[PDB]
Every structure is written in C-alpha cells, then in structure tokens.
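Take a look at this single chain, the form deposited in one PDB entry, given in structure tokens.
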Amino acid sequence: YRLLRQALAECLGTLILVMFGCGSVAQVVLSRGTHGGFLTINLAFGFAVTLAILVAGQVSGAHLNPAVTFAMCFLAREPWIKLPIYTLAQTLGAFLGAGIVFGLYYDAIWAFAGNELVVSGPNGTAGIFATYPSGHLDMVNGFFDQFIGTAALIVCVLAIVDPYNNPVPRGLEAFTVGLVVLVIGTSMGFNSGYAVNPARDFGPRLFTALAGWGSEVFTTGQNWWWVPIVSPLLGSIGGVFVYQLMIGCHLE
C-alpha cells in the first residue's frame, strides 16, 4: 500500500517538528528569561520545518500541515482520500512529539508550580504544548490572525509547488517553507511558533488532557481549542483564492 508509506513519513515529519519546536518553547517557559526569548522559539520552529521536510519530502511530499493538505485537495492536485489519512498521520506524531518533550522536561515541568500541573496563569506549563489566548488575543481577535497567517503560508507554499513554474531543486523548497514559518511567528501575535498548524495545536493539546493537566485544557479560554483548527482551514481556502486570482489563473 503506497498510501500507508506516505502516512508513516508524515507521522515522522510531524514528530520531528513538534519535538524540536516544543522543546525550545519548554526551555524558554521553564527558564524564565534565561534561555533566550521569542527569537529562539521562532528560529527553532522555523528550522524544524526545514529538517522535517528534508526527511519526508521524497516519500509523502512533506505537507506536515492539515491546512496545506486541504489546499492541495481543494486545487484537485491530490485525491480527497489523502485528507483523512494525512490528518490522522499528522496528528499522530504531534501527540507523540509532545510525549518526548514531556519526558525530557518531566522534573522541571512538575516543579514549575510546586508539585501540581496548572493549565493557565503565571505558573502555567500547558502553554508549552498548545496555544492559549492572551489579554488582547481573545476568540474574536485570535480568529483573524490565524486566518491571515494561514492564507499567507498557503500563498507562499503554492508559489514553489505550481508545476507551471520551473521545478525547484531539492534543498531549497524546505528552506523556503521554513522561512515562512519563522516570519509568520515573528509578524503575527503568537509567541508559541507555528500557530497556523492544526496538527501542531490539537495534537499536543490532546496529550496534555491525558498527561495530567485534566480536561481544563479544552474548556478554558471560552472554549478556545477549536479556533486553531477551524480558522486555518478557512484561511487555506482564502489563500488559495488569493494566489489563484493574482498568479495562478494567468500562468499559461
């Protein structure tokens, strides 16, 4: 089965992304103002995209993003059967990637707030794995940034993928996509890294629910958990229309 082979590559690619990305977030959160700031988080997350794509690029195409996979299926470049397989493979591996980071920082995470696991607050460790609303980043405000961020990512991704343009040699597509991830985190109001990936958000968040943080990871922030899933899905559609209207429909 060729589909199973691509799913395994997607799972390994997302495992590298989450483990390498959330590990840098853990160092910054646990070591308050000691191991750098948000620049290291975005640089590590951005460079993790390049490494993950270089590993699983030749096998599954290195989507590593349900929004990216949805965009290709919308453009009829991939079968619709790949959408559930890739999303399940991308979610399974972000769940596994968060487990490795939890094991690496098991002693430090439990000692952040004494001997208890707190979801949100000054002594909050659940923000290492999943994104949570800020003071000015409420549900209405946070929906717009994810829509814009995903649309920008889709437009840049489709530029290096369209067959009408000259083929891009291997070793530059990975860096280009990784450059977008680093730039998006720096620009948009999200200090967690790759906040436009539905698999990178729901995966680790589901792990924290069973790891000991409880069900409060889903019922906090006025039920914020579904926003980083629906919003990038709609942003990918908008990004496809923006690119097609400006560049895609005229490449004869």
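Each form is matched to the other, and the largest set of C-alpha atoms that superpose within 1.5 Å is called the rigid core. Note that residue numbering follows the sequence shown and begins at 1.
Just so you know, the form deposited in another entry exists too; it's not on screen, but the next bit is about it.
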Legend entry - Flagged residue of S192, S60, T69, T208 - C-alpha shift reaching 2 Å or more between the shown form and the other one, core superposed: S192
Legend entry - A159 C-alpha relocation of at least 2 Å between the shown form and the other one, rigid core basis: no
Inset, instruction - Would you say whether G103 is displaced between the shown form and the other one, judging by a C-alpha shift of 2 Å or more on the superposed rigid core? - result: no
Inset, instruction - State yes or no: after fitting on the rigid core, is the Cα displacement of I81 between the shown form and the other one at least 2 Å? - result: no
Inset, instruction - Regarding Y132 and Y194, go with closer or farther for their CA spacing in that other deposited form versus this form, the difference being 3 Å or more. - result: closer
Legend entry - Note on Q222-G193 C-alpha separation in that other deposited form, which departs from the shown form by 3 angstroms or more: closer
